[PDB]
Each structure stands twice: as C-alpha cells, then as structure tokens.
C-alpha cells in the first residue's frame, strides 16, 4: 500500500541522509521468474512498437524492448531468452524493408543475435501469438508467411541463421510440438501436422476435420506447449480442445464456456486474446460479455473460469475494466493478467478469487499481447 515510487523516495532520502554513494549505471532486470509478464504494444499498426517486461508480483516495469512494424514476440518457457521477429524500413515506413529476428538476454535485455530474414518474408498482421513460435528446445523459431502463399519460415537461433521457407497447404498459425514439428489449422477445418528436415518436402498430414464450416475458430487460441494442449474457442464460447501431447492430435470433448441461458441472453466471447489456459490447474479462462454476434473483437468485462476436463464453471469474475486480452502465470496461485487496450493498462488479478491486486499503466499506444514463460 506504500507504492513503488513512495518506497523509492524513502530509500533515496535515507541514502542522502547517510552519505551513501553508489555508481549510476545500467541496471540488470531481476532474474526471470514465474511472475514476469511481457506486454506487447502493436500500437494500432504503427511502424515502431514496444514491449514491456513486467514483474507481475510487484506490478513494476523492469525493462522494455523496442521493435518495428507488428513484430511477433516469443518468450522461451525456461526463461533463458526472449526473441522477436520484426520489420523495419530505410525511411520509417517507406523504402527498403528488412525483416529480422533478434534474441535478447533476459536480464541485460541486450541483443545476443540479429538474424536477417531474406526477401522480407514475414506476415504483417495484427499480432497473433501463434504466428511466430519457438520449438520446445528453444533452438528454432518458426514464423508464418501469407504472401505469395501460406508458408512457414525456419530460423536457427543456435547458429543464428535463417534456414528455409516451408510450403504449406491453405493453413494458418504454428503450434510446435517438437524440434522439427508443428501443427497448423487449415481452411478445411482440420489441423495439419508439419514435420520438417533441413531439406525435402516436409511431411504434411491432416487430421480429421474437427468443426463445421460455419463455426468460427478465433485468431487467439491458447496453446500450452509443455502440456501440448491447444484450447480453441469459437465465436459462441464453444471451446475446442486438442491434446497434442502424444505428438498427434487427439480431439477432446468440446465444452461450452457459456450456459444456454447466457447464450440466449446474448453472452459471447470477445476481445483479442480471449482465452487462457493454466497448465498445472488444467483450467481455461475466457473473456466474455453480452454482445452482438459481430462485435467479437471488442473488450469484455467478465472472465469465466472452467475446469478443462469437465467443462464445469469454477467462477465468473467481474473484471471491472474493459479487458481485451488475458493470460495467467503458470505458477501455483497464478496471477490472472487482464490487459486493456483502451486503457493501456495491465491489471493483475488473483486468478483464484478474481480480485484485482495491482496494475501497470501507460503501456504504449494499444497494448494487445500478454506473454508469460511456463517455467515449472
């Protein structure tokens, strides 16, 4: 209840009283831990953007990373590094385009790699976490390409070198399940498993179709790589879950995030990152509110929490803010993070009682994307 700034004013004043000298210098961020959280600000399509590194336990900005045009952040689950795929131009937003990947040390935040991507191959789109992804060993970054056609670009972070583009079918998003394998979601309603070497036609296998042409699967599914759990809401709060843990798709029973009464009274999911998944609790969190069927990208004020196994509602939190994106820490007694684009604030909640504990404001221009590491 003593704030950050207040405690800090008390300590500087004590040092001044004591004749305490110290050397002005560049701080190191605290060690990455389960309660660090990163918030990416695509800034409503601005040519340059920011990420904030936050200690969610303190509610304190501990660092920042600059990026260019709609970069894709990724965070190694073990905390050893962070990276992004970014795009810059020789004259702000015009002239020659350079796409690249940087890797950063998670405490000094310095770039430890800057890997040029040839032929400007990134997909420029409102930020979707699973359009750029790390493999589980942290060795490879996979990024999606839409033009001329769907493709996936393979970047070696270990050897700090772009490898190749892989041709894919009419499919979207990249869920890595192994050093050489990832899943995508296809137009025809199946998933495609993509297995890749250094060379050859990658082996591409479709799963069974798992949804009709008129159920709409949202751009922001939750994927837990350590659980292999892909949690995929539709526009109605119907939740698809696919178990990728065997390395093949197993389709789990669908659950309904909302009741039939709530659906009849206009409750639907909506926002940007609408869904979160806590691996250790096996719980799903969904951003929902009463809304017309085509206001699916608007903020929502409520989170439903349900047991992933049974679909049983565990809670419904009234968030008390216009929340676009949520995510949770992966530790015991997780934090529930609730990011307001309109407010440029990350609100930090006890994921158990839903109570707001603290918040971090002034996060850029239109912050949209929350990332945590799953370290346990």
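In this text, rigid core is short for the largest set of C-alphas that superpose within 1.5 Å between two forms. Positions refer to the first chain, counted from 1.
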More variable segment, 139 to 147 or 193 to 201 [Cα RMS over structures in 9 other deposited structures of this protein, core-superposed] | 193 to 201
The stretch carrying the higher mean Cα B factor in the deposited entry, 94 to 102 or 202 to 210, is 202 to 210
356 to 364 versus 17 to 25 - which carries the larger mean C-alpha B factor in the record | 17 to 25
Among 45, 347, 52, 317 - the residue whose C-alpha B-factor is largest in the record | 317
Top Cα B factor in the deposited entry, candidates 66, 41, 324, 312 | 312
Please rank the C-alpha B-factors of the chain's modelled residues and tell me whether residue 371 sits in the lowest, middle or highest third.
-> lowest
Binned into thirds over the chain's modelled residues, the C-alpha B-factor of residue 195 lands in the highest
C-alpha B factor of residue 162, ranked within the chain: lowest, middle or highest third?
-> highest
Residue 85's Cα B-factor: lowest, middle or highest third of the chain?
-> lowest
So, residue 112's CA B-factor, relative to its chain, sits in which third? The middle
